[PDB]
Protein chains: 2
Amino acid sequence: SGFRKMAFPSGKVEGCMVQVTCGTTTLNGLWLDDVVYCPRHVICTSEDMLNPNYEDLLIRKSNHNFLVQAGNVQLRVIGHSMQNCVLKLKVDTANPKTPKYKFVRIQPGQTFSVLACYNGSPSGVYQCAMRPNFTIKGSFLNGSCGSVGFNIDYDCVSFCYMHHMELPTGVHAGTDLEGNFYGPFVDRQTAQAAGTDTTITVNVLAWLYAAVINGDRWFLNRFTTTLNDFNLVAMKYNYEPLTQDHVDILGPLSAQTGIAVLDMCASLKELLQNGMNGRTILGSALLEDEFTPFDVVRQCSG
Amino acid sequence: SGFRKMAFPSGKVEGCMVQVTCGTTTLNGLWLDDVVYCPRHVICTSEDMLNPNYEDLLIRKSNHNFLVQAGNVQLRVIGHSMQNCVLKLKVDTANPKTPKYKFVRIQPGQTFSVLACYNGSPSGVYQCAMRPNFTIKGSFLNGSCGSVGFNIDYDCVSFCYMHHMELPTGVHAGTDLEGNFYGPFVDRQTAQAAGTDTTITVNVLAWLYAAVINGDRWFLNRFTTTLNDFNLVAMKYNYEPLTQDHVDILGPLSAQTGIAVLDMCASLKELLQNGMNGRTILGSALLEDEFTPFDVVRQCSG
Ligand SMILES: CN(C)CCNC(=O)C[C@H](Cc1ccc(F)cc1)NC(=O)[C@@H](Cc1ccc(Cl)cc1Cl)NC(=O)[C@H](N)Cc1ccccc1C#N
Ligand SMILES: CN(C)CCNC(=O)C[C@H](Cc1ccc(F)cc1)NC(=O)[C@@H](Cc1ccc(Cl)cc1Cl)NC(=O)[C@H](N)Cc1ccccc1C#N
Ligand code: NA
């Protein structure tokens, strides 16, 4: 028992992290087969970053402008090309530790693990949720660009995020591994802002179920509510509306605990209206929304 | 920027996890050089677990009673021996992925990463603190015994914890890699209890400093306090007393922010007496005490 924010084991991804240097800029790349993926702004200088035209900047580059280091061993670039906001560097060696992998794009509300890296060297691992405004609340210092986010499914790594930038408010923005940004952001050094955020309602319920499975029951009640009467309370507290599809995903957790989804909605209605009265749920005094139904199942009986 | 609970990259440890089977019991072992380490209760049956004598039980065993599996590849046991509460199995192969490592015992209040494993296969990574009562609040299901906790220092893995058991209250107890329990627990299936817990004061202050470094300042004040006048407030709220040695460890964080330790103590005095008034610090509505000064430095400028 116990419920903690858990990351995927990072070893399969650690063997893919390299350091890409161009000019005086150095960041991280992802080495799969004979291709290194990294943020395209690595080709920018300090002055180009204000209003770059990346088509221009790449055309003015050649293979010898990019220094690739897999540990102490320098790799040889034999080709380059741009794929939206990521640069692809072809090298003369297939990474012999290349795992089975996929490039997948995730949905707001879904989670992944981040392997934070500096100069091609992994320094830490943690879990993130894609917020409804397509930012993540991560932990990234200068030089962490190119760090990747990923899920793991039976020794297949699904890469879903590459880190590009920090916004003025301290939240983080990146692309999928095809170079397409999450959200309405561009890789240009101008102050952009995220849209307004909301709480992921289905994740909160999943977390309440996790709490019940772990012996926290103080917030339950005998009452029930209708799907429509709950969505009214959601809008008043800036929660996402609950769908009939969300209830079916919560089936396995409802099944295991005996608590119907709409009975747990009634408990959540009361926590929103009353607060917690000094008590905690799984060690938090706030309602947590960064656990998916899948994260709950995977940790509570998986 | 951003501050998250971060684990060490787990790859160096993933290549050391094996599955040890004896009788109908199967759990995880740690394979370093030609030795596999695992919890000794793997030699117990269901009836021996009530009041075992482990000297007796091991003497009645032989090398062919232990099945070791490093993936699909079965390893051959050529010797066995007991080291307090851990069993050591000698095998005919030195693990070729053995990292540079040390066996270290940690202190209450220090943190480490846990690689949770099931049947020799890593399933997740998270951070833990050793509580002052020598338990940890982890996430462990049946079969996770033998999972290890570890820190990393310049590609040297310091192993500090092996998981053995869950207590009635849901907290977890284990040994160091020399087989000596943390705290007053034994590896016998009887209901034991931990001593009473306390908040790690030096970790809370470290976390307040992390919050300042990340732009959270709402809890600061102009007031200051004396070391002795603060220790009085600590005892009233079940916090550990603050030493002169603790203040010097907080030097680097005090230096970086301009806020003296005893000025931050005055801020903590007020949060304890008043609470948070509905506000949060680094995404929490509670005072967090599972970050060391080292974890803060390592993430906020390291
Ligand atoms: C102090 N604290 C409370 C919060 C303060 N918050 C900030 O200081 C972040 C800061 C906010 C900002 C200010 C003005 C702008 F006009 C745009 C953004 N943002 C930047 O410095 C960006 C600039 C950038 C550069 C390149 C592109 Cl394509 C796109 C961009 Cl917007 N730099 C990165 O993001 C680097 N790549 C990696 C990096 C560098 C420094 C710090 C963090 C990170 C990360 N991760
Ligand atoms: C439901 N929820 C709200 C909280 C309920 N809490 C409990 O159910 C844990 C439960 C609490 C307990 C009850 C009676 C006792 F008398 C001693 C302990 N404890 C055990 O089942 C222990 C027993 C054990 C076995 C061997 C030794 Cl050496 C030492 C020990 Cl005390 N089993 C393990 O710890 C296994 N090794 C691994 C394991 C099995 C099942 C569940 C978790 C874990 C873990 N991790
Ligand atoms: Na984590």
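Note on naming: letters A, B, ... go to the chains in the order of the sequence lines (proteins, then strands), and numbering restarts at 1 for each one. Side chains included, hydrogens not; waters and symmetry mates left out as well; all remaining heavy atoms used. Both ligands and their constituent atoms are indexed starting at 1 by order of listing.
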Heavy atom of protein inside 4.0 Å of atom 16 (F) of ligand 1, strictly below: yes
Ligand-residue contact atoms, ligand 1 with A/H41, heavy atoms, under 4.0 Å: 28 (Cl)
Side-chain touch B/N180/B/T175, heavy atoms, less than 4.5 angstrom: no
Cation-pi, B/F8 ring and B/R298 (6.0 angstrom, 45 degrees): yes
Heavy-atom protein contact below 4.0 Å for atom 29 (C) of ligand 2: yes
Of B/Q189, B/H172, B/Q192, the residue whose pairing with B/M165 passes side chain to side chain contact (heavy atoms under 4.5 Å, CB included): B/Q192
Option with minimal heavy-atom separation from atom 11 (C) of ligand 1, where the choices are B/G2, A/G174, A/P168: A/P168
Subset of ligand 1 atoms that lie under 4.0 Å from at least one heavy atom of A/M49: 26 (C), 27 (C), 28 (Cl)
Under 3.5 Å: donor-acceptor pair, side chain of B/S284, backbone of B/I281: no
Any B/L27 heavy atom less than 4.0 Å from ligand 2: no
Short N-O contact, B/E178 and B/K88, less than 4.0 angstrom: no
Polar contact flag, side-chain donor to acceptor under 3.5 angstrom, B/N133-B/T135: yes
Side chain to side chain contact (heavy atoms under 4.5 Å, CB included) assessment of B/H41 paired with B/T25: CA-CA 9 Å; B/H41 69 254; B/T25 299; 5.5 Å; no
Contact atoms of ligand 1, heavy-atom distance to A/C145 under 4.0 Å: 35 (C), 36 (N), 37 (C)
Identity of the nearest option to atom 25 (C) of ligand 2, non-hydrogen atoms only, from B/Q189, B/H164, A/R217: B/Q189
Donor-acceptor contact below 3.5 Å, side chain A/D176 vs main chain A/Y161: no
Member of A/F140, A/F150, A/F181 meeting the ring pair (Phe, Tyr, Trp, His ring centres under 6.0 Å) criterion with A/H163: A/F140
Option of least heavy-atom distance to atom 39 (C) of ligand 2 (set: B/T169, B/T25, A/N214, B/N142): B/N142
Any A/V186 heavy atom less than 4.0 Å to ligand 1: no
Parallel, tilted or perpendicular: rings of B/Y182 and B/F134 (30°, 60°): parallel
Protein non-hydrogen atom below 4.0 angstrom of atom 36 (N) of ligand 1 present: yes
For B/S139, all residues meeting side chain to side chain donor-acceptor pair (under 3.5 Å), sequence neighbours excluded: A/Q299
Protein contact for atom 19 (N) of ligand 2 (heavy atom, distance under 4.0 Å): yes
B/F3/B/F291 under ring pair (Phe, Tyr, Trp, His ring centres under 6.0 Å): CA gap, chis, key distance, verdict: CA-CA 11 Å; B/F3 196 78; B/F291 300 96; 4.8 Å; yes
Within-cutoff protein neighbour (heavy atom, under 4.0 Å) for atom 32 (N) of ligand 1: no
For A/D187, the ligand 1 atoms whose distance to one of its heavy atoms is below 4.0 Å: 28 (Cl)
Close N or O approach (B/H163, ligand 2; < 3.5 Å): yes
Whether B/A191 lies under 4.0 Å from ligand 2, heavy atom: yes
Sub-4.0 Å protein heavy atom near atom 2 (N) of ligand 2: no
Mode of B/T190 contact toward ligand 2 - side chain, backbone, both, neither (heavy atoms, under 4.0 Å): backbone
Mode of B/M165 contact toward ligand 2 - side chain, backbone, both, neither (heavy atoms, under 4.0 Å): both
Protein contact of atom 7 (C) of ligand 1 - nearest heavy atom, named by residue and atom, plus distance: A/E166 OE2, 3.7 Å
